[PDB]
Amino acid sequence: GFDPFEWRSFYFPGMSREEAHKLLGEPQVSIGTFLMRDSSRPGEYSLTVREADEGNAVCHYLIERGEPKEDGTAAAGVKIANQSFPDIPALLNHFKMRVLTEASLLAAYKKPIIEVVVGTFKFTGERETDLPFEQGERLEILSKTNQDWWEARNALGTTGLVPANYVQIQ
């Protein structure tokens, strides 16, 4: 289960092919899990999908944006395969029931959690990549980026850097 209009949630700005291939290759990830990210073709997006456990395990799809209709009445269409779709919701829904190479879109990728912390001090942040949080607030750590700063996710799903020392591991 996934909602093809929350697609903006399964999009990971900044993640490379290789990153996604590594995240989706992990062995506890199930068939039909997928995410979206910047394609390495300038300007485009790609879909990365865990499609089998033996043989080729992860597939990558280029999604090509059309030009919008001059009219000014457009919304550029999106293309994957030879299959065109007036947008992304529709594209993503089509592949719930049809196969990509060996599988079908089933659940959106979430990074798994390696710590539950509760924050011991309000953090307001200094960089746009930081995650602000209140003293007492519960957060899921997903990655220990360096010694003093870790990647965290909050109840609403937003991610960024918190200071290790402003949080208390459970």
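The rules behind each value
Residues numbered from 1 in each chain as written, not as in the entry; some residues may be left out. Heavy atoms only, no water. Residues with missing side-chain atoms left out of burial classes, pairs and counts. Helix = DSSP H or I, 4+ residues; strand = E, 2+ residues; numbered from the N terminus. Pairing = 2+ DSSP bridges. Core = buried A, V, L, I, M, F, W, Y, C linked by side-chain atoms within 4.5 Å. Buried < 20%, exposed > 50% of the residue type's maximum accessible area, 1.4 Å probe, protein only. Contact = heavy atoms within 4.5 Å.

Draft legend 1. A look at the environment of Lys-110. With respect to the secondary-structure elements, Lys-110 resides in the loop between β6 (107-108) and β7 (115-119). Taking the C-alpha atoms as reference, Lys-110 lies 9.5 Å from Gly-157; in sequence the two are 47 residues apart.

Draft legend 2. Quick look at the pairing of strand β10 (residues 159-163). Pairing geometry for strand β9 (residues 149-153) and β10, over 5 bridges, is antiparallel. The partner of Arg-153 across the bridge, within β10, is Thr-159. Two successive antiparallel strands, β9 and β10, enclose a turn made up of 5 residues, where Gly-157 displays a positive phi of approximately 90°.

Draft legend 3. Structural detail: the nonpolar core. Formed by 20 residues in total, the largest nonpolar core has its most connected members in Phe-34, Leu-47, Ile-80, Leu-92, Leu-100 and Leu-105. With 4 residues, helix α2 (residues 88-97) is the single largest residue contributor to this core. Non-local contacts of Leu-47, meaning those with residues more than four positions away in its chain, are made with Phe-34, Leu-35, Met-36, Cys-59, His-60, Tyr-61, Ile-63, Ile-80 and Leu-100. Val-117, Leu-131, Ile-141 and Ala-164 belong to the second-largest nonpolar core, a separate cluster that totals 11 residues.

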